[PDB]
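Encoded as structure tokens, the structure appears first; notes follow it.
Below, read A as the first sequence line, B as the second, and so on, with proteins coming before strands; counting in each chain starts at 1. Because only heavy atoms are used, hydrogens play no part in the values below, and waters and symmetry mates are left out as well, while side chains stay in.
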Protein chains: 2
Amino acid sequence: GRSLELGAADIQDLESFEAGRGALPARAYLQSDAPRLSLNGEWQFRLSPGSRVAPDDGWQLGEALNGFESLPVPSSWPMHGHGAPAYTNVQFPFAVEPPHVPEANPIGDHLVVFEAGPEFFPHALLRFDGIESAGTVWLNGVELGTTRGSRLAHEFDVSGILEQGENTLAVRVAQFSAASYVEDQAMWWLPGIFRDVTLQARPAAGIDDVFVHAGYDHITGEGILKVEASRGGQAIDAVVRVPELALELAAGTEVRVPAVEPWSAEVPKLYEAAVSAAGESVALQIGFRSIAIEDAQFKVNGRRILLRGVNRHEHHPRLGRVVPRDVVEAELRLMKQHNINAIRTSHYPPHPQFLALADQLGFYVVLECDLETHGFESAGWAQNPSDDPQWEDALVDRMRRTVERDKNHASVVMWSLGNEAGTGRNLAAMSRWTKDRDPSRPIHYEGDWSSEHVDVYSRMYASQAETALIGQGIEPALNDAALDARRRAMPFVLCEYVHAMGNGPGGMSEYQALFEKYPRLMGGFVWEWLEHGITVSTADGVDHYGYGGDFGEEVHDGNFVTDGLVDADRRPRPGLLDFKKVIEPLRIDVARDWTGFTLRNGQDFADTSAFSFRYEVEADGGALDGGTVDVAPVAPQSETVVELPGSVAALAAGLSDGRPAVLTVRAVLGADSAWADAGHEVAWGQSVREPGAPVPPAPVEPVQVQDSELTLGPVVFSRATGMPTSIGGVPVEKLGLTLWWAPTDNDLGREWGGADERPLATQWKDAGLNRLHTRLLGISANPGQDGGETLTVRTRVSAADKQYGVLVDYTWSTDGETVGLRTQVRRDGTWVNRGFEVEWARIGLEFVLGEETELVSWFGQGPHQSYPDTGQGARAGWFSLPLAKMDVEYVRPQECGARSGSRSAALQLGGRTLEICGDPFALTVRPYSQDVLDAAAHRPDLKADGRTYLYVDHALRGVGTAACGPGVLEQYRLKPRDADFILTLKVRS
Amino acid sequence: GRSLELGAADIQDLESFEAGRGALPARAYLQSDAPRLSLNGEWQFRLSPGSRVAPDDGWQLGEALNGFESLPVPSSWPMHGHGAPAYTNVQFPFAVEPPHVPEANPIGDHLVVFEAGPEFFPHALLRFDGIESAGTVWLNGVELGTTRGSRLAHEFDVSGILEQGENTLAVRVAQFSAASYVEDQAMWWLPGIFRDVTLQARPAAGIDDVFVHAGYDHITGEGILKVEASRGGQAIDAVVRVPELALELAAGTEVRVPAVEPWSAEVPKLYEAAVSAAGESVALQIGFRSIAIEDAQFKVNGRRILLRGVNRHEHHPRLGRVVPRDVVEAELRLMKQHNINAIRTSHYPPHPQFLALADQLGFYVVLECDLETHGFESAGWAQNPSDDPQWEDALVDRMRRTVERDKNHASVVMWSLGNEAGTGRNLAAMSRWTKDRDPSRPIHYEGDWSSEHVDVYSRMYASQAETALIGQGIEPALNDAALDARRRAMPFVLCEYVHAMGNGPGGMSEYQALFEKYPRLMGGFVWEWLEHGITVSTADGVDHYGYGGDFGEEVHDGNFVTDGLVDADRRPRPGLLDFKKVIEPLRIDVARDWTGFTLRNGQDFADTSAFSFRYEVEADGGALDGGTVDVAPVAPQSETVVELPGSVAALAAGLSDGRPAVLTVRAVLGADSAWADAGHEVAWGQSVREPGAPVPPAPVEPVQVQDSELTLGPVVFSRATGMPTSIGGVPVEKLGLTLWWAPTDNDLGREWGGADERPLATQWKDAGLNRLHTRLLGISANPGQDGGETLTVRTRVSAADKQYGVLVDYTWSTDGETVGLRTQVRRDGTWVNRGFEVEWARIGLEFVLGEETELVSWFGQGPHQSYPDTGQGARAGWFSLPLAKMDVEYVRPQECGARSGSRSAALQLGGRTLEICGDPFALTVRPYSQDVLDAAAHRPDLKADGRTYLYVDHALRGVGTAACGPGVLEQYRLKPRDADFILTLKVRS
């Protein structure tokens, strides 16, 4: 009675704890003059549901094709119809029982035929830069070996197997393997041969590996150069020549270059280099820079740096893991254009080509190993591979391949062991290995807060408050004295902070102020650069992004995959516009009297010589004056006071009091850079001469009384409801108090702290703020001027089954041309529900107008949105936008589009224009209601009903980052209070 | 500057705390020989959204009609297109700020013209038996008065206003008023003139009110009769004659009748009576019964009674509050047919005609005042009308009208102050008033547990455990000694228990055993009699019931309105079938050896003389023997041992051992009653000779091996999955372990107790029991008999992201004809999730068959469903049903249809029959999956996919009553364990 189950052999392999077999030693990615054929293109492809039904029908030989169809390689095959993508955050999509794999395991058989010329004989290899998750490779029917480490390179010798003429490469890829357990990143599950496949000749007397060592002596200005070269693992004779520095030297010997221009993210100086053997030459780019930890500060080339970073995942809306080069270059430019200078490769090594672009454009790169076991946390870390001895060789291998591939690039300033893999022996082994191999780069890892085997203390999403304690060196001690002394001598980095999901992130300014002032604080990497949205079309042809659950997942985490500063197509979100301003490398403080501005050079190495300093004075009627001022270069971390031309300040005093005028000073690129054109804005500051409060109009018009209607100048009232039915010509369907907004993504996250951990959204629903009703208490006229009179309308607003409420009194007035509106809000009972105090989203007014708005203009902060704890990038000025462009295209619709700090506004309804003025208020205009906004799950759910929903707010709440990390900060919370505010309305034409 | 708001006058009235104005004194509902014209029929109707827009256009005069359309009176107008019904449980549908009302307040103007003949002059009145919630009445343009108390009667004098010839009655009804705050029952909000409107002549020398006093002296057998009669509030001369007792006496004098036949729910003896004045005579039905509380026992006519009760709401699927008389009679018969003997009029007085039917058919009635302020609880009872002095006159009035209307009916044995209105002064005033007016009926009220102003200690939904402590008189003491001594001397009643929502109720037997054994325990009233479903049709024409939220409610409580023993059309639910058995008034215990049966008379007054005692012996081939046995009448609360004919026991021994046979003894009506025909079943008992366990077939067939398939006799296997693909002819698409069922309504209720209060449904979702996956571990043959061999298939079942699981081993065998299946379940890790132990719905198997089942037959318990803590009414026998009739039509689909205690089963798939045998297992067969069941919100969502989903269970969980009250009891819980069970399969034809 033997065993009868099928495919037991393949499964035994997939469940193996060993690293792949049969591969050549891990080595660096090198630009080589050796022959090379890329096998990329259209391959043939067969998909099987599982190992047990995967045919064993000699398909490796590539003849008598059965069931194979065309597929482009590289690819993430679920992006091409085969199966579907699937997204989970923490959770695994399969039963947690390592190393085992589920029966439903997509198996993808790949096959391609290619011609091998004589230049690839006698010796050659095949190189796979990435296969998710488990590869088995055959060449002409013979097994080469297997691959483990989905984002790591593998090379297989094909000497004596490759044959002159055509050849048949066959690759079986399984989605799930034992390696899946250690690749649980928060992202889509996407199997396939998703990176370059290459045939490379390996001539005799060639160069297999090279290790560049380019240090900088910031005292003397010397460069410290040693370039190791090896073959088959042994050091070899080779000459390395760098023409610009006039050097010819032998590999393996360290020399001292008298003077070098150091490399930095700010000034990425690179020297072209070649290291040559008789049979092969490899070309290099050398950046001289030394990394050191000193006095609890992370220093480069002798200077503490500030990391302005983002977390970079590799994703493409239509192609999955495959990110085309032109997209990589574009997004890296876009980062530079937004003052970013650092990248964490969350949480696996990137495409090999990435590293050279980083060297060239200038980023401080945290290079992270492909390791994460986060789904074990929910079980108390039981069975965690990070501390299971059987997993040691697999994890050491992952780190080795990571380090070896990218070790020659000046842009890599930290090696990271992985992400959210807990604590354990194997993580210590990975660190010990790295410290031995490359002592030149400090080691990062957040998972072990004791920081026992790292060189920098890292955390994710620590509050502004805890960050400030750490900055001062007074955080709580570890229980072990020896470890505590060590950790307090380490600088501190936030490897993930200010979670950028939906509307937000809020609180960026408070983190940034701490980064300045506290040297120990290295900076932070925003989570994250890009939304992982997957494009999906409908019959009519409109496009929207799909998120967790939109692809039939049984187990998923919704829209958490869409949590980035740009959308999947790299279109900015407002968060990115704000982030740019927060991390601006120059500070510009315009003097109130407009005689000049304080300039502080926030850069770490460069001066101000690359910048042109320009000023403009703008008024309602357009620009009044402008020019450019000369600024002696300001050294790093230094500052001076720059005078402006006297004509500017003379113009300030000449303004009739009450007239609005904005002075803007901008720091712009004087010349084209490799990442932007001349005229690109880097930093800016403003001084505003505000317009005085608008005069309340004289109440000289009387209220004429009719049976069902009241009229007071241009505004008609319903005598039953007491609210306006029209103002001027434009009809009004509803007017009421607002206290609620359609929850943001942050509003849906849990409010950790106290006995109340309900999401703010849930607190609102329970309290009933979404379902407010208003009761009329009375309508009354009162004596005004010269026979005229005011109209007062008293209401009380509350919710069903609730006793608490607010008294709302509207007192109206008009002189015939402009309407005067005063609003008074009074608390009635105690605003408590289910034992906890109710907070408000806002204190404002909803105008539901009976006609559509084609265009919205305002004086205030813009062009893009701004909420109390955001809008850093919204500047003062005059703005005008079509209605569609007022909105923000978040993948899940939610509260957005508010323009805080508005002094005046103009809506254009057909041939009529509604003006709104008064003390600072927030502006929002939409073609749909709040209820349909909150109900919508995707953009297509948003329907214009033919109305205008106008929102005027006397107060707003913050947005925070409660989806992950701190909620709204104290100073931006909005607890129930009493309030009063005045507005003025007008209809012209 | 005066006030300009509209409709302030009407609103001032609606917000009044006073009882209606202008009405005649509250008095009894009386059958009178005075002329009378019912105004019921088609009236004219105009609906306005609110008071402020309700026209004041002299519509009362009934001429120049504008906007009026036909409407039948009585009615609940939202049931007739105008507006829509709306259901909330606790919560009010409007802002809680008494006495105020919302702006959105439907106002219904009603108008009818009628002819008044000379017989209605000089004096007459108009009578309204119910207007929800605020009436204003005009006759010929003059205001008569207003009404408050939606379920209470009101009478208005029309002398000098009524005119000979035609007359125009006009009634404005507002849905919401100050009275709404005190009418917050859990039910639909349905305004309208929903009860009879009548014109009654009031001749001179007539009789306005009458108060019958008919006591019984259980020692002597005497009746104690005094019939009061009055006019204009003063006692008057009148003769009262009762022909059957040969009595002629003057009203106002108490006499002693030598012998009377007492009245009870069991024997509702009624004596026809008339009390006559010169101008008017009123006919009466007198039931002689005395009510008394003695030795902490609620006694009638000297004997402690047992209340077998239901809570009766008034509802009709298409007509709302209007319940047609033929429906009332039908449902009251249906109650009697299910052994019910008591009714609580939850929570308002019923239609006046109700009381006579109760007197006639025989129910102990708890008559409840129209009062409930339950929506104030969530605010700590702040602003509760029950303790607000301004509400005293309105609430005293409610009680007065309640008592006065129904005070002549022997069926009313308790007056109840209302329901869930908290505690306060006005409730004490209502009690003081009642105790003064009618000392003959003890007072009920649950809201005040101290029981300071009541005569019985009442509770709702107290656990079986607390009920048992109360039964023994050892419950915790009140802090006040004086009140505690009082309360411990009171008998105890559950005014609501065993909540009958969805599948259930469970735990009825445990309550009932306590009711026996503990005299102090009065019994209980099930919540509730009927589901409040509202019929709603679709284009294709199918009907389904609507529940909270299906009618566009902004605020609602879902399907809680559907929580009854019958559906809105009085079709029984399984709960009713079980309840009948639990409260059966006779106990029948058949002897194992079939020589006789123990008979215990559980009745309180009657003997067994009304019953015929019949026996039958049933076998697989039909009935074997039957007859009827003579039983000397058994006295109340007594018992005897009845012998059966010797042929029965001789037949028992003659059965070949292993053959199944069922002896059933039934107590049936020997003669027609007023509530059922002769042959109606009241009680029953059984003794079963079980069929021995089925022999496992000899494993003499070998397993033949092929590439993709395995065969072992009639069963074909997939060699990849290891599961059967067919058995005999019938295809099998899936076979797996089950641990989960589609949550019941109870499963959705919170598990009060411990730090885990997540509904069991939520505990399951978090633990992943709904999303199980199975992994194949191995397939193996093993030596059997005479060359044959078994097939063992090892699997492990778990869920994604979870580590805990069960090992499932299937060992198969066959001798060619019948298949032998053994299943072994082993716990792997610890079954804990989010810090709490996971429980299971079931341990069973899902067979997904590739063909439809036309008919399902089984030997076991039936015909209807049965779960571990239900199925009391499922009896042993042989049953056969079409597939559709296996299912249960709960309004929200949910787990149902299981037949526990099954020994054998037969599914008929086309021309083939699948037999299943083995140790006791539960049977369920459905044409749709569990996922579509759990997904469905209404019956139309259930779609047959063309398959058969068969469920065989070795263990089930209870269902409990966690939707409101106790969850599943300890003994019926199902914690994770190891398990083993055997089955035998066969396909014939």
message: Show the nearest heavy-atom pair for residues A/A342 and A/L307, with the distance to one decimal.
response: CB-CD2, 4.0 Å
Side chain to side chain contact (heavy atoms under 4.5 Å, CB included) evaluation trace for A/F560 with A/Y87: CA-CA 9 Å; A/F560 261 83; A/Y87 168 73; 3.4 Å; yes
query: Charged N to carboxylate O under 4.0 angstrom, A/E584 versus A/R587?
result: no
query: Do A/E895 and A/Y890 have side-chain N/O donor and acceptor atoms under 3.5 Å apart?
result: no
statement: Rounded to the nearest 0.5 angstrom, the CE-SG distance for A/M460 and A/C964 is 8.0 Å
- line: Across all chains, not counting sequence neighbours, the salt bridge (charged side-chain N to carboxylate O under 4.0 Å, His left out) partners of A/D887 are A/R939
message: Are A/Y457 and A/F492, when compared by the centres of their aromatic rings, separated by less than 6.0 Å?
response: yes
message: Quick check against the 3.5 Å criterion: does A/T961 have a side-chain atom that pairs as donor or acceptor with the backbone of A/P966?
response: yes
message: Taking the ring centre of each residue, are A/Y511 and A/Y497 less than 6.0 Å apart?
response: yes
Residue pair A/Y271 / A/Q285, side-chain donor-acceptor N/O under 3.5 Å: no
- prompt: Under 30°, 30 to 60°, or over 60°: which ring-plane class applies to A/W527 and A/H347, parallel, tilted or perpendicular?
  reply: parallel
Qualifying salt bridge (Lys or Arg N to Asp or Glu O under 4.0 Å) pairs, either residue in residues 456-469 of chain A, two or more places apart: A/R459-A/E466
task: State, without any angle test, whether A/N559 and A/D745 hold a side-chain donor-acceptor pair at a distance under 3.5 Å.
output: yes
- prompt: Would you call A/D438 and A/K407 a salt bridge, using N to O less than 4.0 angstrom?
  reply: no
statement: Rounded to the nearest 0.5 angstrom, the CH2-SG distance for A/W415 and A/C369 is 10.0 Å
message: Closer than 3.5 angstrom, by distance alone: can the side chain of A/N408 be matched with the main-chain N or O of A/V212 as a donor-acceptor pair?
response: yes
message: Checking A/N419 against A/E368 for the side chain to side chain contact (heavy atoms under 4.5 Å, CB included) test, could you report, in this order, the C-alpha distance in whole Å, the side-chain angles of both residues, the deciding distance, and whether it holds?
response: CA-CA 8 Å; A/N419 185 233; A/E368 203 172 15; 3.7 Å; yes
query: Which atom pair, heavy atoms only, marks the closest approach of A/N339 to A/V682?
result: ND2-O, 3.2 Å
- prompt: Any side-chain donor paired with an acceptor under 3.5 Å for A/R344 and A/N311?
  reply: yes
message: We want to know whether A/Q865 and A/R573 form a side-chain donor-acceptor pair, criterion being a heavy-atom distance below 3.5 angstrom.
response: no
- prompt: For A/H864, what residues pass the ring pair (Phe, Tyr, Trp, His ring centres under 6.0 Å) criterion, not counting sequence neighbours?
  reply: none
- prompt: Between A/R398 and A/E183, is there a salt bridge with N-O shorter than 4.0 Å?
  reply: yes
query: So which pairs with a foot in residues 312-321 of chain A pass salt bridge (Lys or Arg N to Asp or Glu O under 4.0 Å), sequence neighbours left out?
result: A/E132-A/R321, A/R195-A/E314, A/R312-A/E314, A/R312-A/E331, A/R318-A/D569
- prompt: Looking only at atom types and distance, does a side-chain atom of A/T345 sit under 3.5 Å from a main-chain N or O of A/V366, one as donor and one as acceptor?
  reply: yes
- prompt: Counting only N and O atoms by type, is there a donor-acceptor contact under 3.5 Å from the side chain of A/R520 to the main-chain atoms of A/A296?
  reply: no
- request: Check the pair A/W529 / A/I343 against side chain to side chain contact (heavy atoms under 4.5 Å, CB included), numbers first and verdict last.
  value: CA-CA 9 Å; A/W529 171 247; A/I343 297 171; over 6 Å; no
task: Identify whether the distance between the nearest side-chain nitrogen and carboxylate oxygen of A/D578 and A/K580 falls below 4.0 Å.
output: no
- prompt: More than 12 heavy atoms of other residues, nucleotides or ligands under 6.0 Å from CZ of A/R303: is that the case?
  reply: no
query: Which pairs pass salt bridge (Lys or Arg N to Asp or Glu O under 4.0 Å) with one or both residues in residues 350-360 of chain A, sequence neighbours excluded?
result: none
message: Would you say A/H444 and A/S458 are linked by a side-chain donor-acceptor pair, where the criterion is simply a distance under 3.5 Å?
response: yes
task: Return yes if some donor-acceptor pair links the side-chain N/O of A/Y867 with the main-chain N/O of A/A898 below 3.5 Å, else return no.
output: yes
Side chain A/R304, main chain A/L521, donor-acceptor under 3.5 Å: yes
task: Report the C-alpha distance between A/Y348 and A/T402 in whole Å, list the side-chain angles of each, state the deciding distance to 0.1 Å, and finish with yes or no for side chain to side chain contact (heavy atoms under 4.5 Å, CB included).
output: CA-CA 9 Å; A/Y348 39 74; A/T402 295; over 6 Å; no
- prompt: Among side-chain atoms of A/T744 and A/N746, is any donor-acceptor pair under 3.5 angstrom?
  reply: no
message: Strictly distance-based, threshold 3.5 Å: is any side-chain N or O of A/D869 a donor or acceptor partner for the main-chain N or O of A/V959?
response: yes
task: Could you verify whether a donor N or O on one side chain and an acceptor N or O on the other, from A/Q872 and A/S509, lie under 3.5 Å apart?
output: yes
task: Taking A/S451 for its side chain and A/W449 for its backbone only, find out whether a donor-acceptor pair lies under 3.5 Å.
output: yes
Where A/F298 and A/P442 come nearest, the two heavy atoms and their spacing: CE1-CG, 3.9 Å
Close aromatic pair by centroid cut-off 6.0 Å: A/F363 and A/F354: no
query: Hey, are A/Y461 and A/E496 close enough side-chain-wise for a donor-acceptor pair under 3.5 Å?
result: yes
field: From A/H316 atom NE2 to A/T535 atom OG1, the distance as rounded to the nearest 0.5 Å
entry: 8.0 Å
statement: Rounded to the nearest 0.5 Å, the CG atom of A/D672 sits from the CG atom of A/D677 at a distance of 5.0 Å
message: For A/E516, give me all partners under salt bridge (charged side-chain N to carboxylate O under 4.0 Å, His left out), at least two apart in sequence or on another chain.
response: A/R600
task: State, without any angle test, whether A/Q353 and A/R325 hold a side-chain donor-acceptor pair at a distance under 3.5 Å.
output: yes
statement: Rounded to the nearest 0.5 Å, the CG atom of A/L371 sits from the OH atom of A/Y445 at a distance of 6.5 Å
- prompt: Does the ring center of A/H532 lie less than 6.0 Å from the ring center of A/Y545?
  reply: no
query: Looking only at heavy atoms, which two atoms of A/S411 and A/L355 are closest? And how far apart?
result: OG-O, 3.8 Å
- prompt: Is A/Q603 reaching over with its side chain to a backbone N or O of A/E266, donor-acceptor style, under 3.5 angstrom?
  reply: no
query: Got a donor-acceptor contact below 3.5 angstrom from the A/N301 side chain to the A/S290 backbone?
result: yes
task: Please determine, by modelled atom types, if A/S900 and A/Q861 share a side-chain donor-acceptor pair under 3.5 angstrom.
output: no
message: Testing the basics here: between A/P572 and A/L576, what is the closest heavy-atom pair and its distance to 0.1 Å?
response: CB-CD2, 4.0 Å
query: Which pair of non-hydrogen atoms, one from A/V668 and one from A/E681, has the smallest distance, and what is that distance?
result: CG2-CA, 4.2 Å
- prompt: Measuring from A/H313:NE2 to A/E531:CD, what's the distance to the nearest 0.5 Å?
  reply: 13.5 Å
